[PDB]
Amino acid sequence: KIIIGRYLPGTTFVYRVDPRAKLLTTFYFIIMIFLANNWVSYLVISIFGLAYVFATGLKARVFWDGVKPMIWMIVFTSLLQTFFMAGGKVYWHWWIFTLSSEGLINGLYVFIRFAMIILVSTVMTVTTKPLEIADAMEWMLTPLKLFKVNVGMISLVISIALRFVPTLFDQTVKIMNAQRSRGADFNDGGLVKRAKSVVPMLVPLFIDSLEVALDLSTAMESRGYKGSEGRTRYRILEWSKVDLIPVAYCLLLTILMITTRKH
Amino acid sequence: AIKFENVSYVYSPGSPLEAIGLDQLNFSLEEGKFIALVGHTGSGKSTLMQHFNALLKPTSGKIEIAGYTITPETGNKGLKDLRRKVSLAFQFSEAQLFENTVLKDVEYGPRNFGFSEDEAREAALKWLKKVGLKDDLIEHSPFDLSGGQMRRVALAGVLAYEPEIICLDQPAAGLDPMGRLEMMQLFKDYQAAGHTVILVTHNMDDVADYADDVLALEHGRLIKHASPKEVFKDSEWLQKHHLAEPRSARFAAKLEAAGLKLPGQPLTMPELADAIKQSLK
Amino acid sequence: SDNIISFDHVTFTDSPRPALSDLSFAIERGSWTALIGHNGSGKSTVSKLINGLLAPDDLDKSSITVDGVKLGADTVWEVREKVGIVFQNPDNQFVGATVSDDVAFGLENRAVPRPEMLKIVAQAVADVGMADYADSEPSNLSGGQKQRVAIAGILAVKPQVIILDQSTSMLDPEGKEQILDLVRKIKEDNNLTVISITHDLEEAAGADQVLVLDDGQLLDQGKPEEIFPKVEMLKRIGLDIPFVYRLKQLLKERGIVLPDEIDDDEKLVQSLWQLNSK
Ligand SMILES: Nc1ncnc2c1ncn2[C@@H]1O[C@H](COP(=O)(O)OP(=O)(O)OP(=O)(O)O)[C@@H](O)[C@H]1O
Ligand SMILES: Nc1ncnc2c1ncn2[C@@H]1O[C@H](COP(=O)(O)OP(=O)(O)OP(=O)(O)O)[C@@H](O)[C@H]1O
Ligand SMILES: [Mg+2]
Ligand SMILES: [Mg+2]
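Residue numbers (the entry's author numbering), protein chains in the order written: chain C, 3 to 265; chain B, 2 to 282; chain A, 2 to 14, 17 to 281.
1. So that I know if they touch, is there some Cβ in chain C lying closer than 8 Å to that of residue 97 of chain A?
2. Which ranges does the alpha helix (DSSP H) cover as unbroken runs of at least 4 residues, wholly within the region 35 to 74 of chain C, from first to last along the chain?
3. Is it the case that the Cβ atoms of residue 264 of chain B and residue 276 of chain B are separated by a distance below 8 Å?
4. Can you pull the chain A residues whose beta carbon is under 9 Å from the beta carbon of residue 133 of chain C, in chain order?
5. Suppose the cutoff is 6 Å on Cβ atoms and the five residues either side in sequence are ignored; what does the same chain contact list for residue 1 of chain B look like?
6. Closer than 8 Å, CB to CB, is residue 175 of chain B near chain A or not?
7. For residue 114 of chain B, return the contacting residues in chain C, with the cut-off set at a CB-CB distance below 8 Å.
8. List the residues of chain A that residue 53 of chain B touches, going by C-beta distances under 7 Å, in chain order.
9. With a threshold of 8 Å on Cβ separation, who are the neighbours of residue 25 of chain A within its own chain once the five nearest residues in sequence on each side are excluded?
10. Apart from the five residues on each side of it in sequence, which residues of its chain come closer than 6 Å, Cβ to Cβ, to residue 59 of chain C?
11. Give the secondary structure of residue 100 of chain A by DSSP, where H, G and I count as helix, E and B as strand, and everything else as coil.
12. Can you tell me the Cα-Cα spacing of residue 148 of chain B and residue 241 of chain A, whole angstroms?
13. For chain B, is any of its Cβ atoms less than 8 Å away from the one on residue 189 of chain C?
14. Note down the Cα distance separating residue 233 of chain B from residue 176 of chain A, rounded to an integer number of angstroms.
15. Taking all protein chains shown into account, do 16 or more other C-beta atoms lie within 10 angstroms of the C-beta of residue 128 of chain B, making it buried, or fewer, making it exposed?
16. Shortest alpha-carbon distance to residue 239 of chain C belongs to which of C/127, C/32, C/213 and C/141?
17. Since residue 248 of chain C contacts residue 27 of chain C with CB under 8 Å, what's their CB separation in whole angstroms?
18. Report the residue from A/199, A/151 and A/137 whose alpha carbon sits nearest the alpha carbon of residue 166 of chain A.
19. On a CA-only basis, which of A/226, A/87 and A/267 is nearest residue 50 of chain A? Give me that one, please.
20. With three or more beta-carbon pairs closer than 8 Å as the criterion, would you say the region 106 to 121 of chain A touches the region 67 to 80 of chain A?
21. Consider the C-beta atom of residue 91 of chain A and the heavy atoms of ligand 4; say whether any pair is separated by less than 7 Å.
22. Chain A partners of residue 248 of chain B, CB-CB under 7 Å?
23. Excluding the 5 residues flanking residue 203 of chain C on each side, which residues of the same chain have their C-beta closer than 7 Å to its C-beta?
24. Residue 99 of chain B versus chain C: which residues are under 9 Å apart at the beta carbon?
25. Looking at C-alpha atoms only, which residue of C/259, C/237, C/189 and C/262 is the closest neighbour of residue 19 of chain C?
26. Taking only three categories from DSSP, how would you classify residue 226 of chain B?
27. Can you grab the Cα-Cα spacing for the pair residue 223 of chain B / residue 74 of chain C, in whole Å?
28. May I ask you to list, following chain order, the residues of the region 7 to 27 of chain C that have a beta carbon less than 9 Å from some beta carbon of chain B?
29. Once you ignore the five residues that flank residue 7 of chain B on each side, which residues in its own chain have a CB closer than 8 Å to its CB?
30. Can you tell me which residues form a DSSP beta bridge with residue 65 of chain B?
31. In chain B, which residues lie with their C-beta within 8 Å of the C-beta of residue 61 of chain C?
32. By how many angstroms is the C-alpha of residue 281 of chain A removed from the C-alpha of residue 261 of chain A?
33. Check the C-beta distance from residue 102 of chain A over to residue 137 of chain A and give it rounded, since I have them as a contact under 8 Å.
34. Mind checking if residue 15 of chain A is an interface residue toward chain C, Cβ cutoff 8 Å exclusive?
35. Taking 7 Å as the cut-off, does the CB of residue 40 of chain A come closer than this to any heavy atom belonging to ligand 2?
36. Should residue 248 of chain B go down as buried or exposed, given a rule of 16 or more other Cβ atoms within 10 Å for buried?
Structure (structure tokens):
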């Protein structure tokens, strides 16, 4: 089952990290991802992302099964970029497409970059409750409170967008089961037949997911959620000693790449 | 028959939040009967229903139903005939309706099972009239309806293509009294036509009225498999196992407590009335 | 009268007909009112109108006053703190990531201090008999468990008006009795008002008032012993009569005549015992 955007309960140390510190670490790692220019810098960001994923405590098989389809999509996009752009040595040059050493290098780099963006986003969303993510997002946008900007609305919209993907897969499962019960066969024929069977589902999936996303806000409003101002917290939101773990993780990483970048 | 041998199901087996939905089920439901699946909330009735039509595969054990053998390693391939023969009405009708209109949704089922457009339309109209849905609602969206209307749409879609096994996860929830009685009589008449009906219910009066056999669950364990009379013989056993008694039996107990003993043990309202008249005679 | 709906029209969305048409009724303060009617009469529409989630078609001729404040655009939040509604679908009630978080959401919105919130959420979760599921995802629950969580989330804040939109439909009889007793006890202790939209006539027979709704119109309104004797009216509109009245009618058609003043199980039992004594 897909685990991106979906909160998986756990007890390891990354679950006790502050959601604000976790969000800052995620955004900082995403920023550092674009600062990788050398092969060794990409490798360093690779070990750091893999350590971040291992800190989640989920089994590697579970994480892989949760991130598989989007990993395959990233692989497809990287292969497309490898074919479209070429340079330096040429291997095959078969028809209008071509395969090049520079193209392969940049395809690998784009795959690594997008993959670890996905991994850090998934680690953030799995270990943090969606409303905790919204609270951390609103806290981060506190300076944006200047110029009379409704930061709470933006944070709630961001949380809804983050929850959109899990709602997409939940609705996919729901309609797949509903159609299976009444005789649909998504496991018959070749790829053409399966695509034909799954193509009438696309509009219902997105419409139902949007309806669920809006129903979440309806449920919040019905129970008195004027906004994030003036509320109390069931869960304590305070800095702690464990919050120094991301900082060093955000520090050491930086140091490495400063001594590891191409420049 | 529908046979379960040592059927266990575990929700998220590898996760730390592992929960055993069903634990070593062993029973044999007879074809052509009315079976009432009873139990407390969270006892595993919906998991059992989803196991009937192979929506969930068992973690362990074997299921034999409608010429099909479902094992932990069965898979979703080649299961269209099983669901041709076995139909399931979900506990929530929202998780069942997906089509643009009520008519299209109801006749989705017949279309998949070899009904021509004329036959599918006639069956859909007949079963929409049978479930007491207004004629003008057949071209409206299934989601622009009330909860009971959605329940009626789901029931009509389930019963449209004539399955030989009808599994109903609380189909009477959300239905008004007249609609509730009409649905119960519709299911009984369907069973009288040569079909098997399995019914998850929280109303013991329905069990005493329509059920031929009773299947009682508790925490995923099958605690009793007997007729309604034998299930409702003892009230201490019923209370001990999170279960209740028909209101007719409760009223008979109240009458006996006040000093008016009744012959036998009434379980249905006409039976209780006959017993009261016999006692007063 | 805690709630006052007066000349209320609602057409959904477009729809050709109004869900409610010229609806007017009053809810007595600190009472139990059972809103009953066939499927398709605007009971959930009434519930969502009282909250403020829906607005009447015409605003300057329809009135909705909840505990003295006229419901509107500028007083919706002053009303939502008075009205807590358990929805017909429990999935539409859940906000938090666990059962305790969902129960505590409404206490967070009311600025209840966390030391009190801990006790209130624990007591509410234990009250609906879900203490073993406090850390569970509310979507990974059975229908009755989801109903219990939805009821607990509303009974924790103890609003002046509790609306229950068929909140006992998917509960086992033990759970039905337990949660009905819990709601009654909370109502009596806190001097609250309960509107129970239900299809169970046994629960409606025990209410203080019964509102009868037909095609979005108030067909009848009164006490249970003034409504349920009208067998023809109830059967004509898709309703029925509770257990005791049906038993009385079968006894009458079987030759045993009983006084019409009998409206409860105990009264019927005593009357039958007296008949047997002779
Ligand atoms: N998706 C799920 N993931 C994990 N546990 C689940 C899930 N669905 C149900 N459960 C749990 O499995 C058990 C059985 O649930 P099930 O839905 O079979 O109950 P039920 O008998 O249908 O109950 P109800 O009468 O409330 O509908 C319960 O403890 C429930 O919390
Ligand atoms: N989302 C919607 N869009 C359009 N019409 C709707 C919608 N929901 C309900 N209706 C219609 O409005 C009317 C009132 O239905 P409502 O849901 O208020 O009744 P109810 O008594 O709560 O339902 P039930 O007893 O069947 O659960 C019905 O005619 C129904 O079809
Ligand atoms: Mg269930
Ligand atoms: Mg409704």
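For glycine and all other residues, C-beta sits at the position ideal for the given N, C-alpha and C.
Well, looking at it:
1. Yes, residue 97 of chain A lies at the interface with chain C (some Cβ there is under 8 Å from its Cβ).
2. The DSSP assignment places 41 to 56 as complete runs of the alpha helix (DSSP H) inside the region 35 to 74 of chain C, in order along the chain (cut-off: 4 residues).
3. Result yes, Cβ atoms of residue 264 of chain B and residue 276 of chain B sit closer than 8 Å.
4. 98, 99, 100, 104 and 108, listed in chain order.
5. Residue 1 of chain B cannot be examined here, being either before or after the span of chain B that is shown, 2 to 282.
6. True, the Cβ-Cβ gap to chain A drops below 8 Å.
7. Neighbours of residue 114 of chain B on chain C, chain order: 185.
8. Within chain A, no residue has its CB atom less than 7 Å from the CB of residue 53 of chain B, the nearest being about 17 Å off.
9. The answer, listed in chain order, is 8, 9, 10 and 220.
10. Hits under 6 Å: 12 and 14.
11. Look at residue 100 of chain A here: in three-state DSSP terms it is coil, with no helix or strand label.
12. In a straight line, the C-alpha of residue 148 of chain B is about 15 Å away from that of residue 241 of chain A.
13. True, the Cβ-Cβ gap to chain B drops below 8 Å.
14. Our two residues, residue 233 of chain B and residue 176 of chain A, have alpha carbons roughly 14 Å apart in a direct line.
15. Residue 128 of chain B should be labelled buried.
16. For the options C/127, C/32, C/213 and C/141, the alpha carbon positioned closest to that of residue 239 of chain C is the one of C/141.
17. Cβ-Cβ separation between residue 248 of chain C and residue 27 of chain C: approximately 4 Å, consistent with a contact (criterion under 8 Å).
18. Of the residues A/199, A/151 and A/137, the one whose Cα lies closest to the Cα of residue 166 of chain A is A/199.
19. Per the Cα distances, A/87.
20. Not touching, per the Cβ criterion.
21. Answer for residue 91 of chain A: yes, Cβ within range of ligand 4.
22. When 7 Å is used as the limit between beta carbons, residue 248 of chain B is near these residues of chain A: 246, in chain order.
23. Correct list, in chain order: 177.
24. Within chain C, the residues near residue 99 of chain B are 176, 177, 180, 181, 203, 206 and 210.
25. Of the listed residues, the one whose Cα sits closest to residue 19 of chain C is C/237.
26. Here residue 226 of chain B sits in strand by DSSP.
27. The alpha-carbon separation between residue 223 of chain B and residue 74 of chain C amounts to approximately 44 Å.
28. Legend: CB atoms of the region 7 to 27 of chain C lying less than 9 Å from CB atoms of chain B belong to residues 10, 11, 12 and 13.
29. Answer for residue 7 of chain B: 25, 26, 27, 61, 62 and 63, listed in chain order.
30. In DSSP, residue 65 of chain B forms a bridge with B/4 and B/70.
31. The contacting residues are 15.
32. Using only the alpha carbons, I get a separation of about 14 Å.
33. In this structure residue 102 of chain A is in contact with residue 137 of chain A, their Cβ atoms being roughly 5 Å apart against a cut-off of 8 Å.
34. In this structure residue 15 of chain A is absent; chain A steps straight from 14 to 17.
35. Taking non-hydrogen atoms of ligand 2 into account, the C-beta of residue 40 of chain A is found less than 7 Å away from one of them.
36. Result: buried.
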